[PDB]
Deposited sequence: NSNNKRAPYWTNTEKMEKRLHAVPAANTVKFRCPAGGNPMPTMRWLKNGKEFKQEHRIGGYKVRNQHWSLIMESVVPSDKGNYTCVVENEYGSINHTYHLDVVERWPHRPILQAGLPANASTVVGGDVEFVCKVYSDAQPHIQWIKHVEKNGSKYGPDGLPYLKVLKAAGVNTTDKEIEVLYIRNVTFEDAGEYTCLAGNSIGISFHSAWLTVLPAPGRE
């Protein structure tokens, strides 16, 4: 019973977009059947996929109609198409690969921020704080009064959208002192302090 190529397990093919954390192995499969035994080719962005198209190349296990790429990186992003065929037909399926780099570190703040500030009573002043983190960071501003006072803390009511900058209008001699921006995530905590000096 000679027949054109067909997918023998469409279940394993439903997931078209494969987004994985960098450094992981990706295995694309296109289980096929058909008599005679159809052949298989893989394309990267519609063009032939050669071993030199990526460091380390890739591996193919014909027995399982799969394409294997180890330790993927961002540049591997793109479309991968499997082309199966025999004398009675030719069918293809395309997968999209997307690589995401994780950054497993406690929050990191920009050196120098917040910066020291000076002003005469009644004046306005601000402290900026630039944070970078993969895991969602929690930022809060604290004044030293170790006697600490939370002046502002991120949350549903105090979005990150404006938590990075701290304003203090009509500052008073009371306001003087050490301000700190503290950022923390599941991995750890980090903070940078600045000093506000109020003059007569």
- Residue ranges with no C-alpha coordinates, please: along the deposited sequence, counted from 1, in order. 1-3, 149-160, 216-220
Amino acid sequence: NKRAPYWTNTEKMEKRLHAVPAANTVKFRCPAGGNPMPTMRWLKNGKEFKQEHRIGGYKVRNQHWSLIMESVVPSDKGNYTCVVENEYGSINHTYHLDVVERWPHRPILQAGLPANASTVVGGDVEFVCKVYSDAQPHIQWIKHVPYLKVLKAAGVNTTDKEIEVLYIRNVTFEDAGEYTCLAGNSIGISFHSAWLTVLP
From here on, numbers count along this sequence of modelled residues.
- Got a sec? Mean C-alpha B-factor, which is higher, 173-181 or 15-23? 173-181
- With B-factors read from the PDB entry, the higher C-alpha mean of 132-140 and 161-169 is in 161-169
- Going by the deposited entry, which of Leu43, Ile68, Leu148, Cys30 has the highest CA temperature factor? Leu148
- Which of these, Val83, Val121, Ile108, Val73, has its C-alpha atom at the highest B-factor, as the entry lists it? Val121
- Message: Which third, lowest, middle or highest, does the C-alpha temperature factor of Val125 belong to within its own chain?
- Response: highest
- Going by the entry, which third of its chain does the Cα temperature factor of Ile91 land in? lowest
- Task: Looking at the entry's B-factor column for C-alpha atoms only, identify whether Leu97 ranks in the lowest, middle or highest third of its chain.
- Result: lowest
